[PDB]
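1. I would like the atomic coordinates for the input below:
(4 chains, ligands or ions: 3)
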Amino acid sequence: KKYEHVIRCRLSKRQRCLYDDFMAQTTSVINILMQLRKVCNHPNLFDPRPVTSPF
Amino acid sequence: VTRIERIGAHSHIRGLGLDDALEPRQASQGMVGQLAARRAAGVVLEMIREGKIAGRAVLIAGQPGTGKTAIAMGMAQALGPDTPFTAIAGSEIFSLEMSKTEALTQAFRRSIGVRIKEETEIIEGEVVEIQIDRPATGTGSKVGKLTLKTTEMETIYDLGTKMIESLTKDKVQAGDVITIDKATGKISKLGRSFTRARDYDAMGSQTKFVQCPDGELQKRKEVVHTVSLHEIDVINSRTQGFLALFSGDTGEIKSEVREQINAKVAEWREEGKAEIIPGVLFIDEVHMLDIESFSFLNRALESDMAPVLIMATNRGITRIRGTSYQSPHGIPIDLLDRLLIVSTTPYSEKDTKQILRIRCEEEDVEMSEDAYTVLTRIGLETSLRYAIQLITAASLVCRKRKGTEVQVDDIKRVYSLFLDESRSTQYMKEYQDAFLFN
Amino acid sequence: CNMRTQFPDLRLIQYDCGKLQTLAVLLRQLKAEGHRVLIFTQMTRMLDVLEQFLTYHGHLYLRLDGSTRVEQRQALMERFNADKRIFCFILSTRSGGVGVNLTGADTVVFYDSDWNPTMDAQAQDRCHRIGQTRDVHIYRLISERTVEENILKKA
Amino acid sequence: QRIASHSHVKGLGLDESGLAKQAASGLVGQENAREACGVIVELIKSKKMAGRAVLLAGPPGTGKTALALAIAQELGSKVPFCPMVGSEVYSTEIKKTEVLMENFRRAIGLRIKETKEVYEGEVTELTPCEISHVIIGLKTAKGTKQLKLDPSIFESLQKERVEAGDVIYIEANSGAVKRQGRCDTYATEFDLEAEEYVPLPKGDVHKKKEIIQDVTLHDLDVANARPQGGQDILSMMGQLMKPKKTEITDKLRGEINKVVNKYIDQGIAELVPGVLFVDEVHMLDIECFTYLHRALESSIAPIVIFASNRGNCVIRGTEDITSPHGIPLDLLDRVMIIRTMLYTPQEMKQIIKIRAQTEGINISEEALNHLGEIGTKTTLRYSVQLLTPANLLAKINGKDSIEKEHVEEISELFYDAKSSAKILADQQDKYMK
Ligand SMILES: Nc1ncnc2c1ncn2[C@@H]1O[C@H](COP(=O)(O)OP(=O)(O)O)[C@@H](O)[C@H]1O
Ligand SMILES: Nc1ncnc2c1ncn2[C@@H]1O[C@H](COP(=O)(O)OP(=O)(O)O)[C@@H](O)[C@H]1O
Ligand SMILES: [Mg+2]
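-> Numbers count the residues shown, from 1 in each chain, chains lettered A, B, ... in the order given. Ligands and ions are numbered 1, 2, ... in the order given. The relevant structure is shown in the block below.
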């Protein structure tokens, strides 16, 4: 036999900020759709947290 | 056998002795009387435990011998070791290695604890068999195999080169109950499940065994690391900071380092990596601080990393050190406006007798009722500390004459042998010319 | 070294994505109960982030990202079916063809949902096919109040 | 987040015309002072004048530090704001004038563009080349590259114990080599290896990243006065043998000024003049004020805000010279004085309500009136500080709000400065000294 489960997950603060920024940039729909999918996947797909070093 | 900690001045104080409503009991946890001051101390203790308001200052003011330091020690004992409690004297901030402001900053940041909680995979088991094969000559790859056992499991592990080196360094043998952390590879031996072979010589007396661990082999355990802000500052100031944590010799830490550390701790708190554990800094005899130290306190209490500050002073209207200004408690009015003051009232006869009884119970001294009455009269006439000292003195005198209970005669003997301040001053007046100056 | 350069904490990878936390919980439960997991995602960069997360958490994994050579695919399949240590097998839904026989696992986790339910069905049948002797559980992760709810509704 | 003394101050509460709203951004009164501080904020944002000094003068409790922090909040986190207390110039390591100069340079910030060169990949070959250089081969998910690196980098790699199969990070600018772990592909070979595994890098072997760095002039001065960038034995020796601060010379500061001007001309740097704040200025001595004369007359200096609550007081370091704020008249001639006034009871009630809201405390109208009455006598600070204990009392008694009985009980438990002074005066013979 097989069973199917659907699990709901919440967004982090960075994910929420990126999603809101893109939804504000909405006002093409396909590009916004892809960016929102990437945000929901992981914000590191856009820019990783920097490695900080002295100047 | 006597531990390093013995019967001191405040050894009988186990807490403030309050109930759920912060109502002070008459005699509980060593504290007797001082009901209003103990209630205020309990309110302050609840404020400390909540840990939400930074830079709160409380001043315990009263006559000498009224229990200011007793209340501070009761607060410290009621807080518990989880919350930092830095107790220093006012004179300690005057240092030849660092500025007064630097010493005050270090005192503040020793009273804030940073706690990091992480989960790690842990292997704890009894070593059954360990085999290590190494090349006879020259550099080569060591190959090994390790068998670990619990009450319900037994797994054979193939070992890598670095784990082989770690096991060799730790000298792990069969029957040793060892703990292995998978990430760091650290191995800690915690006992032997059984003895080694008897036929071996020069082995020494075998110690007691340790029962084999139960449950699964690879568990997951929570590791908690707690340091203060001062420790972080010291280990980040310079490479030798870890040694400066023990030798002192920290110098003056740059403000840039402290600002960076504050920012990083805030980031950890926002990200849930670390929790901040605000504590208390207790400056006993705060009147020894000068005007510059008070001015620094004024603005240093306005930071969000500041702990709760508790001061004790027995000064009235006194000159502020470093100035020619008379102020209440020896403290400038600008700092006195930033703090709540807790007054301690003098003790009555029954409170004095109860304190003497608690002290005798702490020192394991048996005393008669008449001796208690005489000692209470002396304590009321002279001071509480003199009666407290005469407790032990009379105990020793009674033990010298092969007695069991301290009588009035022993108290009279120690009253004759040892003098208080008043009688000493009288006898010095009687022979004023013999003493050197004035 | 610590005073000379600072790298982002590997913990912050999971902290920045709720999906990663939920998947960590699910994978810990699955490893506790003694199962093997297939993780399907539409993006190879998501495969990289999953590699980082799994290596941080200690889950051994194999990878087939659709750019691997064909001769390596059969070797990876045989290794995964033969090796019991490999906890997870991250895969891309659009890749693998139909010739992959992943009956070794018993759990499939869809990191993100495809617009076409046929691709998800093929990903499931990669493990639910004939000759498989364990119950198969399918876990789908969806972000609340996001586009993924629309994707699931369309599917 | 813990609640501090100024946590409610979010801005100056000014309108578009520069006038001060009565209650806004956590500020209740001081409309004239707030308008003056808005003018000062515009001056700081202009980035044209140098060494302009402002003195916030008034009795304690009149929100001088609140106004300074409001200026800081109005400027933003980009503009440097260095808060210092007058007692901090008395260091046992460097002279007081050096401390003042260091805080002056700390107030001037510099946003500089930098490019980072990164070598990141799994090590496949580590071949020494006889002083012995190293030839290294790095592979990623995108390709492979062979590099020849300096002997210092080889020594760093040896110190990191980098061997074939390890994932490493090299920063070409600083020569900083970090070994991150054994590659994930080898995590199955053994069962107990005592290693931390790391995935293969998914970019290129050689990367260039451009980032914005926030630094100050003081940071450059320190980096050039106690150097630690050479990674040689002499730098370690100097760090270990001479850890104390030093009196940085004017020559080093001139060289750093030239370097920063060259950077700005190249277009890769932006200057943020920033603000220095000295809170307890009266704690400075006459030497510090005399130095501050010339320091403020400098064309490099930032905008300095001073605060003082002293009246006609003797200047520290002098025998009996008395000046209006503890500040010699020469320095007072170089400052713009902002006057803060005492608060009316209505303003006291407003501030108490704002602080109660900030601390998450519900207070009844009767309790609020009683606490404002308590603050009319005693001080505003004392009245504000009774909020948390009263909340704790209400919580103990099971009430979710503060009533007048709780305020009365707290005021009975805790004395103020005047009540304690009365007690001390009544019992002067019993207290020490
Ligand atoms: N209320 C009290 N209950 C119990 N012991 C007390 C109390 N007050 C004072 N003592 C004891 O009396 C001794 C002297 O009191 P102390 O707190 O040193 O006075 P001060 O406030 O002048 O420092 C201490 O050993 C203390 O334990
Ligand atoms: N105008 C105001 N509005 C709101 N709160 C104020 C105001 N002025 C002062 N306060 C509060 O009163 C307290 C005293 O302010 P502070 O700046 O320390 O006084 P001063 O600097 O004059 O000694 C601070 O906690 C501050 O938050
Ligand atoms: Mg004391």
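
2. Mind telling me what element the residue of chain C found nearest chain A is part of?
-> Minimum separation of chain C from chain A (C-beta to the nearest C-beta) falls at residue C:8, amounting to 3.8 Å. All C-beta atoms are positioned from the backbone trio N, CA, C, and that covers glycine. Under the criterion DSSP states H and E, no helix or strand holds residue C:8.

3. and it, how many residues sit next to it?
-> By other C-beta atoms under 10 Å in any protein chain shown, 14 other residues sit near residue C:8.

4. doesn't residue D:224 make contact with residue D:255?
-> Yes - if you go by C-beta atoms under 8 Å, residue D:255 and residue D:224 touch, sitting 7.3 Å apart.

5. that older thread, tell me how far the residue of chain C closest to chain A lies from ligand 2.
-> Taking C-beta to the nearest ligand atom, to the nearest Å as the criterion, residue C:8 is separated from ligand 2 by 36 Å.

6. Surely that residue and residue A:48 touch.
-> Yes - between residue C:8 and residue A:48 a contact is recorded at 6.9 Å, counting by C-beta under 8 Å.

7. what's the burial count for the residue of chain A found nearest chain B?
-> Chain B sits closest to residue A:13 of chain A, with a gap of 8.7 Å, by C-beta to the nearest C-beta. Residues within reach of residue A:13, counting by other C-beta under 10 Å, total 12.

8. Residue D:211 now?
-> Going by other C-beta under 10 Å, the residues that sit close to residue D:211 add up to 14.

9. Report the spatially nearest residue to it, omitting neighbours in sequence.
-> Spatial nearest neighbour of residue D:211, excluding adjacent residues (C-beta to C-beta, 6 or more residues apart in numbering or on different chains): residue D:114 at 5.8 Å.

10. in the strand or helix carrying the one you found, what's buried?
-> If you go by DSSP H and E, residue D:114 is part of strand D:109-129. Neighbour-count burial for strand D:109-129, counted by 16 or more other C-beta atoms under 10 Å in any protein chain shown, picks out D:109, D:110, D:112, D:114, D:116, D:118, D:119, D:120, D:121, D:122, D:123, D:126.

11. cool, stretch B:49-57 as well?
-> Neighbour count says stretch B:49-57 has B:51, B:53, B:54, B:55, B:56, B:57 buried, by 16+ other C-beta under 10 Å.

12. and if you look at stretch D:306-322?
-> D:306, D:307, D:308, D:309, D:310, D:313, D:314, D:315, D:316.

13. repeat for stretch D:79-98
-> Neighbour count says stretch D:79-98 has D:79-91, D:93-94, D:96-98 buried, by 16+ other C-beta under 10 Å.

14. ok, of the buried residues of stretch B:49-57, which one's closest to residue C:39?
-> Proximity of the buried residues of stretch B:49-57 to residue C:39 (C-beta to C-beta) peaks at residue B:51, which lies at 41.3 Å.

15. Which residue comes closest to that closest one once chain neighbours are left out?
-> residue B:278 (4.7 Å).

16. how close does whichever residue of chain B sits closest to ligand 1 get to chain C?
-> Across chain B, no residue is closer to ligand 1 than residue B:67, which sits at 2.7 Å (C-beta to the nearest ligand atom). Distance of residue B:67 to chain C, computed by C-beta to the nearest C-beta, to the nearest Å: 47 Å.

17. How about residue D:13?
-> For residue D:13, the distance to chain C - C-beta to the nearest C-beta - is 36 Å.

18. Chain neighbours aside, what residue packs nearest to that residue?
-> Per C-beta to C-beta, 6+ apart, closest to residue D:13 is residue D:24, 3.0 Å.

19. So residue B:256, which state does it fall into?
-> Taking DSSP: H, G, I helix; E, B strand; the rest coil as the rule, one finds residue B:256 in the helix state.

20. That should have said residue C:56, apologies.
-> Residue C:56 ends up helix, using three-state DSSP.

21. Now do the contacts for it.
-> C:10, C:11, C:13, C:14 (C-beta atoms under 8 Å, 6 or more residues apart in numbering or on different chains).

22. Repeat the analysis, applying 6 Å as the threshold.
-> By C-beta atoms under 6 Å, 6 or more residues apart in numbering or on different chains, the residues touching residue C:56 are residue C:10.

23. likewise residue C:139?
-> So residue C:139 contacts A:5, C:109 (C-beta under 6 Å, 6+ apart).

24. Great, nothing more from me.
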